[PDB]
Structure formats: C-alpha cells, structure tokens
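Coming up is one lone chain in structure tokens, specifically the form deposited in one PDB entry.
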C-alpha cells in the first residue's frame, strides 16, 4: 500500500470521523437541550444521530485499518461480525431517513388524523421497528471481504436501499406537488417557492448521490457485471461520507435547530 499517501488517507478519514461524531452529538444535545424541540418527531433524528455516531466511531477504524494496513489484522473471529454490524448500522441510518420522510408525508397529508396519532409511544414503536428490521436484514452474513452470495447480496441491497429510496422519492415528490399547488406578498410567495424547491432538491439529491453509486455498483458486481474497479472504494467511501452530512441536511433548514446550534456555539 502507499507509504506517505497512507498518512494522507488516514489523516483524511480521521477528519471524516471527527466531523461526523461532532455534528451528530451536537444534534443529540440541541435536541435534548432545546425546549422547542420537545416534539415526538425528533426522536427519529436522535436515533439517526446515535446510529451514525456508532457507525463512525467503531466501523470506520476497522475499514480505515483495512485498505490502509492493506489486510485484516484483527481476529478472523471478527470479520463475520464486523461486516454484519457495518451493514446493520448503515441500513438503520437509511431506514431512519425513510421513516422520517414517511412521517413528514403523513403529517402534511391527513394532518389532523396523524397529529391525533403522533404519540411518542408510536414514535418509539417506529424506532424499534426500524432497528429490528435493520437487525433482521443484517442477521444473515490475513484478509476479510464482504459477502458474495448472489441471491443474498441482491436481496439485501434491494430491500435495504432501493425500497427506501423509492419511498423517499415518492413522498418528497408528493410534498413538492402539494407545496407548488398551494404556492399560488407575491414576491415572498415566489421566494418561498424557490426556497422549498431548494431545501427538497438538496435532501433528495445528497442521499441519492452518496448511496446510489455504491449500491448500483454493488449489485453490478453481484449480478456479474462487476465493472467497478477501485472506483467501488471511492463509491464505498462516498457512503460513509454521506453520514457526516446527513445531520446537516435534516437540521440546518429548521430555525428552531439553527438557533439552538447558534446558542450552543456561542
């Protein structure tokens, strides 16, 4: 492997881990320290931040060690569990994003009924269901490689990314259509149209641009195309990289969160 570039790589990934943990814990605090943030829907954000902190703190070094060291030095008793835990954490983050999107959609449409049914008990039930589905989809599993079973890989990739991606796309397309239909003083309204298009396109695009390449390229390898070469590692690294940005997308566009972060910083 590289002799000085390894220092550049290890340096860069430590930077990544730092940024991730920082932002996610900032959220967990703001959310836990802000009275205006005492809403049942922010439990999803808290769970997502906790999952991302766990992944960044523990899974990254083993993958940072791998590639860098160049081989799996830790106990072979760990690859079969390291890979599964990585899969579980990433799928849990994705499912948390999808559940947050679904809650937003159900709050925007059928607002009265869903507000009647927005109990913290239901919020916790959804959180536990997400975690249990993440555990179920990760229950099946000098070197360590990811699983290569075609059927298992295809099923896991499909049910862990493609379904939540489609659900998020549909829900946010519906939300965009609703906002546009309700869009029609006038300068403020037209400014608001532009603002919402943005906040949604960023949310719709960061997740896709960060995960679709890996999962696409992942299946491509599984289906047999396997054209991805080295770029897969870059696509792989884009995915962890996506987690660090994840809290920013979901918290910056909310004033109650902005002001809480400003208070915390100052």
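Rigid core: the largest C-alpha set superposing within 1.5 Å between the two forms. Residue numbers count along the first chain shown, from 1.
Another form exists, deposited in another entry; not displayed. Remarks below refer to it.
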Check: Which residue moves between the shown form and the other one, judged by a Cα shift of 2 Å or more on the rigid core: 62, 240, 44, 215?
Finding: 44
Margin query: Does residue 151 shift between the shown form and the other one by 2 angstroms or more at the C-alpha, the core having been superposed?
Written below: yes
Note to self: For residue 108, does the CA position differ by 2 Å or more between the shown form and the other one when the superposition is done on the rigid core?
What the structure shows: yes
Margin query: Given a core-based superposition, decide whether the C-alpha of residue 26 shifts by 2 Å or more between the shown form and the other one.
Written below: no
Item checked: Sense of the change in Cα distance from residue 114 to residue 131 in the other form - at least 3 Å versus the shown form -> farther
Checklist line | Cα-Cα shift for residue 149 and residue 242, closer or farther in the other form, minimum 3 Å | finding: farther
